[PDB]
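# Understanding the architecture of this molecule
What follows is each chain in one-letter form.
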Amino acid sequence: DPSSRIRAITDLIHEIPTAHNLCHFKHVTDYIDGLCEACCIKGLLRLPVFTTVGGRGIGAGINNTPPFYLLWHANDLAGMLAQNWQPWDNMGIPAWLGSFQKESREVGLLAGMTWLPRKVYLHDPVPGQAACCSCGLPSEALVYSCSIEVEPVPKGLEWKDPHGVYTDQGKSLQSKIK
RNA sequence: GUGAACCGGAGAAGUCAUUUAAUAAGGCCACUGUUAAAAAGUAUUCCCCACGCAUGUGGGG
Ligand SMILES: [Zn+2]
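Residues numbered from 1 in each chain as written, not as in the entry; some residues may be left out. Chains lettered and ligands numbered in written order. Part of a larger assembly, values for the part shown. Heavy atoms only, no water.

Structure determination for this PDB entry is given in the record as cryo-EM, at a resolution of 3.06 Å.

In structure tokens, the structure reads:
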């Protein structure tokens, strides 16, 4: 839904800096540099698995702190899907079918892999000629703002990530590289 | 005009206090430096230059 809060389109991209902090290694400014019609979907698909804790609005997502993600490789895309093809007993419920779908404590694969930790609404394209700040290809239309407001997951949810790694009690094993 | 361009790991700090290397020793016994010479009674003094050439005078290194 269209929440009244307005945020720049660069908040969904981690490598591109946003409000506060610094802007070195990526010389951009808010609301003047936008995203094309593919990088917006790139940012949208990154929501359920790489959502950071943040400041106020500590609730990150179904995995809290993002852990290591391990999966088996191949040499072709159709081949790549075969190694990691592990159907479960129940295929949960759709979470991208236009339904927010308040479920029970136990969740499923289709409702887990497509989580939406934040309400998101993208504004209409703006005419122009400039390129985006992620892939850099010149285009005709760009998106410059979005409506983002934080949402907390229900406490005590039961969900084991198929590609996650846990230490001893379900706590996420992150990367301790500084 | 190159995952590149633009870019300090920076500010600060007595290792100070105590201590004999001390007590002793013979380097001792043996050994010719010997055999040879005039600085002076010579027969060409190692080199240059003036003169007329009866084992000639003068001058300089
Ligand atoms: Zn792009």
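## Some details on the UniProt feature "binding site: Mg(2+) 2" (unreviewed entry) in chain A
Per the UniProt record, "binding site: Mg(2+) 2" (unreviewed entry) is annotated on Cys39 and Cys135. The largest pairwise C-alpha distance within this set of annotated residues, which runs over 97 residues, is 7.4 Å, so the set is compact in three dimensions. Within the secondary structure, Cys39 is located in helix α1 (residues 39-45). Contact partners of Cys39, with chain neighbours within four places excluded, come to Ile13, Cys132, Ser134 and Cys135. (UniProt positions renumbered as here; feature names shortened; annotations may be inferred. Helix = DSSP H or I, 4+ residues; strand = E, 2+ residues; numbered from the N terminus. Contact = heavy atoms within 4.5 Å.)

## Re the pattern of salt bridges
Considering all chains together, one arrives at one salt bridge under this definition. Here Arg46 and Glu15 are joined by a salt bridge, their closest N and O atoms 3.5 Å apart. Remark: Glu15 occurs in the loop between β1 (7-8) and α1 and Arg46 occurs in the loop between α1 and α2 (77-83); sequence separation between them is 31 residues. The class of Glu15 is exposed, set by a relative accessible area of 55%. (Salt bridge = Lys/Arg side-chain N within 4 Å of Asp/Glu carboxyl O. Buried < 20%, exposed > 50% of the residue type's maximum accessible area, 1.4 Å probe, protein only.)

## A few points about the sheet that holds strand β2 (residues 118-122)
The sheet built from three strands is open, its strands ordered β1-β5-β2 with antiparallel pairing. Each edge of the open sheet is held by one strand with a lone partner, namely β1 and β2. Pairing analysis gives five bridges linking β2 to strand β5 (residues 145-150), with the strands arranged antiparallel. What sits directly across from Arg118, in β5, is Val150. (Pairing = 2+ DSSP bridges.)

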